[PDB]
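First up is the structure itself, then whatever we jot down about it.
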Amino acid sequence: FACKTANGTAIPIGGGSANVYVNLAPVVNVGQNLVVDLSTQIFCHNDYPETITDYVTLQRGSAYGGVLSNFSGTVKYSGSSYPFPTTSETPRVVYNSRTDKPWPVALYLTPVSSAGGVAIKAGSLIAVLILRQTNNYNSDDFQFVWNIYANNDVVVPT
Ligand SMILES: CO[C@H]1O[C@H](CO)[C@@H](O)[C@H](O)[C@@H]1O
């Protein structure tokens with residue numbers, strides 16, 4: 001089991017960490033969602049589907065910088081919504097193919113009432129998402145840590 005980003009940054013068997021740089025809607029009004037859909041940028045696969053089933057959760061999602069200060073967050077994982085920053089490990093998604101499958105994580109971030117102006121700074125860390133991979137074969141319990149960075153400013157109109 002290993003993962004890679006759209007631009008080809010890899011985290012190999014056994015886990016590790018990588019930086020993910022995301023383009024964000026440049027203007028987001030109060031009452032609207034800023035959507036950060038990581039399923040278009042993070043992909044994983046099973047290296048031995050003939051014998052092994054891989055299990056993958058969002059173990060933890062943390063918010064940083066402007067997202068922590070200026071947004072009210074929800075994370076959608078494989079079709080179900082949970083609070084973000086997260087309060088529990090998600091259910092598992094099964095990985096059972098050698099063909100790359102997206103990691104079905106999307107953040108939905110809506111501005112809090114106090115938010116206004118540059119609510120997310122370009123280049124800033126906005127989230128850390130921990131992918132936890134286990135299997136039905138051995139005791140492997142690996143963390144794939146995704147550090148999410150903003151590519152651009154996000155303005156919340158006032
Ligand atoms: C062969 O072992 C590797 O590949 C399998 C299947 O993906 C994983 O379950 C395991 O943790 C290792 O990453």
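Every chain in the structure tokens takes a letter, A first, then B, and so on in the order presented; its residues are numbered from 1, and the ligands are numbered from 1 following the presented order.
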
> Which protein, DNA or RNA residues have an atom within 7 Å of ligand 1, counting only C-alpha atoms and all ligand atoms, as a PyMOL selection string?
Replying inline: chain A and resi 1-2+13-14+45-49+52-54+134-135+137+140

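Close contacts of residue 35 (chain A), defined as residues with an atom at most 7 Å away when counting only C-alpha atoms, with chain neighbours fewer than 6 positions off set aside, comprise residues 106, 107, 108 and 109 of chain A.
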
Selection to disk with N, CA and C atoms, as a PDB file, in the first residue's frame:
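Saved to selection27.pdb:
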ATOM      1  N   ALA A 106     -12.870  15.382   1.289  1.00  0.00           N
ATOM      2  CA  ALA A 106     -13.117  16.763   0.888  1.00  0.00           C
ATOM      3  C   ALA A 106     -13.443  17.594   2.119  1.00  0.00           C
ATOM      4  N   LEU A 107     -12.823  18.768   2.219  1.00  0.00           N
ATOM      5  CA  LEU A 107     -13.151  19.716   3.277  1.00  0.00           C
ATOM      6  C   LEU A 107     -14.163  20.724   2.774  1.00  0.00           C
ATOM      7  N   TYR A 108     -15.155  21.001   3.612  1.00  0.00           N
ATOM      8  CA  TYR A 108     -16.142  22.041   3.351  1.00  0.00           C
ATOM      9  C   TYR A 108     -16.021  23.096   4.431  1.00  0.00           C
ATOM     10  N   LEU A 109     -15.549  24.274   4.034  1.00  0.00           N
ATOM     11  CA  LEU A 109     -15.169  25.316   4.973  1.00  0.00           C
ATOM     12  C   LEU A 109     -15.994  26.563   4.710  1.00  0.00           C
TER      13      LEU A 109
END

> Where does DSSP see helix (DSSP H, G or I) in region 10-144 of chain A, if you list the residues as a list in words?
Replying inline: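 So the helix (DSSP H, G or I) residues in region 10-144 of chain A would be residues 38, 39, 40, 65, 66, 67, 68, 69 and 70 of chain A.
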
Dump as a compact mmCIF listing (two decimals), in the first residue's frame, selection limited to C-alpha atoms:
# COMPACT_ATOMS: atom_id res chain seq x y z
CA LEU A 38 -8.42 16.16 -1.95
CA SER A 39 -9.75 13.25 -4.01
CA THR A 40 -8.34 15.03 -7.09
CA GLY A 65 -3.83 29.24 10.26
CA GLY A 66 -6.75 30.95 8.57
CA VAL A 67 -8.90 27.83 8.36
CA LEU A 68 -8.60 27.38 12.13
CA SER A 69 -9.33 31.07 12.78
CA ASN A 70 -11.89 32.02 10.14

So which bits of chain A end up strand (DSSP E) when you DSSP the backbone, as a PDB file with C-alpha atoms, in the first residue's frame?
ATOM      1  CA  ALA A   2       1.312   3.416  -0.980  1.00  0.00           C
ATOM      2  CA  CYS A   3       0.045   6.833  -1.997  1.00  0.00           C
ATOM      3  CA  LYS A   4       0.998   9.663  -4.320  1.00  0.00           C
ATOM      4  CA  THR A   5      -0.180  13.139  -5.207  1.00  0.00           C
ATOM      5  CA  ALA A  10       4.920   9.807  -3.170  1.00  0.00           C
ATOM      6  CA  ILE A  11       4.578   8.309   0.273  1.00  0.00           C
ATOM      7  CA  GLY A  16       5.523   8.936   5.942  1.00  0.00           C
ATOM      8  CA  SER A  17       4.528  12.482   5.061  1.00  0.00           C
ATOM      9  CA  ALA A  18       4.070  14.747   2.056  1.00  0.00           C
ATOM     10  CA  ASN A  19       3.081  18.302   1.238  1.00  0.00           C
ATOM     11  CA  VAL A  20      -0.003  18.946  -0.875  1.00  0.00           C
ATOM     12  CA  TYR A  21      -0.489  22.351  -2.479  1.00  0.00           C
ATOM     13  CA  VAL A  22      -4.073  23.238  -3.287  1.00  0.00           C
ATOM     14  CA  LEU A  34     -14.909  26.806   0.324  1.00  0.00           C
ATOM     15  CA  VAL A  35     -14.431  23.253  -0.944  1.00  0.00           C
ATOM     16  CA  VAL A  36     -11.032  21.581  -0.774  1.00  0.00           C
ATOM     17  CA  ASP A  37     -11.520  18.261  -2.586  1.00  0.00           C
ATOM     18  CA  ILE A  42      -4.340  12.183  -3.340  1.00  0.00           C
ATOM     19  CA  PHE A  43      -4.386   8.635  -4.740  1.00  0.00           C
ATOM     20  CA  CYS A  44      -3.570   5.256  -3.180  1.00  0.00           C
ATOM     21  CA  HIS A  45      -3.453   1.605  -4.152  1.00  0.00           C
ATOM     22  CA  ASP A  54      -6.227  -2.791   2.831  1.00  0.00           C
ATOM     23  CA  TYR A  55      -8.292  -0.645   5.187  1.00  0.00           C
ATOM     24  CA  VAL A  56      -7.995   3.144   5.080  1.00  0.00           C
ATOM     25  CA  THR A  57      -9.412   5.755   7.443  1.00  0.00           C
ATOM     26  CA  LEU A  58      -9.118   9.455   8.025  1.00  0.00           C
ATOM     27  CA  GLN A  59      -7.635   9.048  11.486  1.00  0.00           C
ATOM     28  CA  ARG A  60      -7.429  12.759  12.177  1.00  0.00           C
ATOM     29  CA  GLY A  61      -7.872  16.088  10.438  1.00  0.00           C
ATOM     30  CA  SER A  62      -6.504  19.263  12.007  1.00  0.00           C
ATOM     31  CA  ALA A  63      -7.001  22.867  10.931  1.00  0.00           C
ATOM     32  CA  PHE A  71     -13.867  28.960   9.045  1.00  0.00           C
ATOM     33  CA  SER A  72     -16.422  26.478  10.317  1.00  0.00           C
ATOM     34  CA  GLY A  73     -15.468  23.100   8.920  1.00  0.00           C
ATOM     35  CA  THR A  74     -16.930  19.818   7.800  1.00  0.00           C
ATOM     36  CA  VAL A  75     -15.060  16.886   6.255  1.00  0.00           C
ATOM     37  CA  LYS A  76     -16.739  14.487   3.867  1.00  0.00           C
ATOM     38  CA  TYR A  77     -15.176  11.025   3.794  1.00  0.00           C
ATOM     39  CA  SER A  80     -20.423  10.803   4.990  1.00  0.00           C
ATOM     40  CA  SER A  81     -19.895  14.137   6.743  1.00  0.00           C
ATOM     41  CA  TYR A  82     -18.118  14.747  10.043  1.00  0.00           C
ATOM     42  CA  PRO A  83     -16.865  17.744  12.027  1.00  0.00           C
ATOM     43  CA  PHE A  84     -13.544  19.272  10.968  1.00  0.00           C
ATOM     44  CA  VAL A  93     -12.587   2.531   3.115  1.00  0.00           C
ATOM     45  CA  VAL A  94     -11.461  -0.712   1.516  1.00  0.00           C
ATOM     46  CA  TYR A  95      -8.566  -0.647  -0.927  1.00  0.00           C
ATOM     47  CA  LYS A 101      -8.096   5.020  -6.316  1.00  0.00           C
ATOM     48  CA  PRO A 102      -8.644   8.532  -4.965  1.00  0.00           C
ATOM     49  CA  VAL A 105     -11.616  13.300   1.393  1.00  0.00           C
ATOM     50  CA  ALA A 106     -13.117  16.763   0.888  1.00  0.00           C
ATOM     51  CA  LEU A 107     -13.151  19.716   3.277  1.00  0.00           C
ATOM     52  CA  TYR A 108     -16.142  22.041   3.351  1.00  0.00           C
ATOM     53  CA  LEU A 109     -15.169  25.316   4.973  1.00  0.00           C
ATOM     54  CA  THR A 110     -17.662  28.138   5.496  1.00  0.00           C
ATOM     55  CA  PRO A 111     -16.629  31.516   6.899  1.00  0.00           C
ATOM     56  CA  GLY A 117     -10.579  40.224   4.326  1.00  0.00           C
ATOM     57  CA  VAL A 118      -7.707  37.846   3.663  1.00  0.00           C
ATOM     58  CA  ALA A 119      -9.032  34.806   5.502  1.00  0.00           C
ATOM     59  CA  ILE A 120      -6.401  32.401   4.174  1.00  0.00           C
ATOM     60  CA  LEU A 125      -0.581  25.566   6.112  1.00  0.00           C
ATOM     61  CA  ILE A 126      -4.362  25.047   6.265  1.00  0.00           C
ATOM     62  CA  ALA A 127      -4.692  21.417   7.359  1.00  0.00           C
ATOM     63  CA  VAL A 128      -2.965  18.199   8.336  1.00  0.00           C
ATOM     64  CA  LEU A 129      -4.813  15.032   7.369  1.00  0.00           C
ATOM     65  CA  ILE A 130      -3.713  11.672   8.719  1.00  0.00           C
ATOM     66  CA  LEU A 131      -4.473   8.655   6.574  1.00  0.00           C
ATOM     67  CA  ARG A 132      -4.254   5.443   8.607  1.00  0.00           C
ATOM     68  CA  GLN A 133      -3.726   2.185   6.728  1.00  0.00           C
ATOM     69  CA  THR A 134      -4.170  -1.299   8.161  1.00  0.00           C
ATOM     70  CA  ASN A 135      -4.973  -4.644   6.535  1.00  0.00           C
ATOM     71  CA  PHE A 142       0.878   3.005   9.075  1.00  0.00           C
ATOM     72  CA  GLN A 143       0.285   6.748   8.956  1.00  0.00           C
ATOM     73  CA  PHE A 144       0.356   8.687   5.713  1.00  0.00           C
ATOM     74  CA  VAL A 145       0.501  12.329   6.769  1.00  0.00           C
ATOM     75  CA  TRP A 146      -0.714  14.968   4.329  1.00  0.00           C
ATOM     76  CA  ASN A 147       0.277  18.557   5.008  1.00  0.00           C
ATOM     77  CA  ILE A 148      -2.126  20.775   3.066  1.00  0.00           C
ATOM     78  CA  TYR A 149      -0.933  24.211   1.906  1.00  0.00           C
ATOM     79  CA  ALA A 150      -2.817  27.070   0.251  1.00  0.00           C
ATOM     80  CA  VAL A 154      -8.723  33.589  -0.040  1.00  0.00           C
ATOM     81  CA  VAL A 155     -10.718  36.763   0.512  1.00  0.00           C
ATOM     82  CA  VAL A 156     -13.961  36.823   2.475  1.00  0.00           C
TER      83      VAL A 156
END

> CA of residue 104 (chain A) and CA of residue 78 (chain A) are how many Å apart?
Replying inline: 5.1 Å

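Candidate residues A:79, A:136, A:123, A:50 were compared for distance to residue 97 (chain A), and the nearest is A:50, using only C-alpha atoms.
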
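When CA of residue 7 (chain A) is paired with CA of residue 103 (chain A), their separation reads 14.9 Å.
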
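Closest approach to residue 100 (chain A) among A:41, A:29, A:23, A:124 is made by A:41 (distances from only C-alpha atoms).
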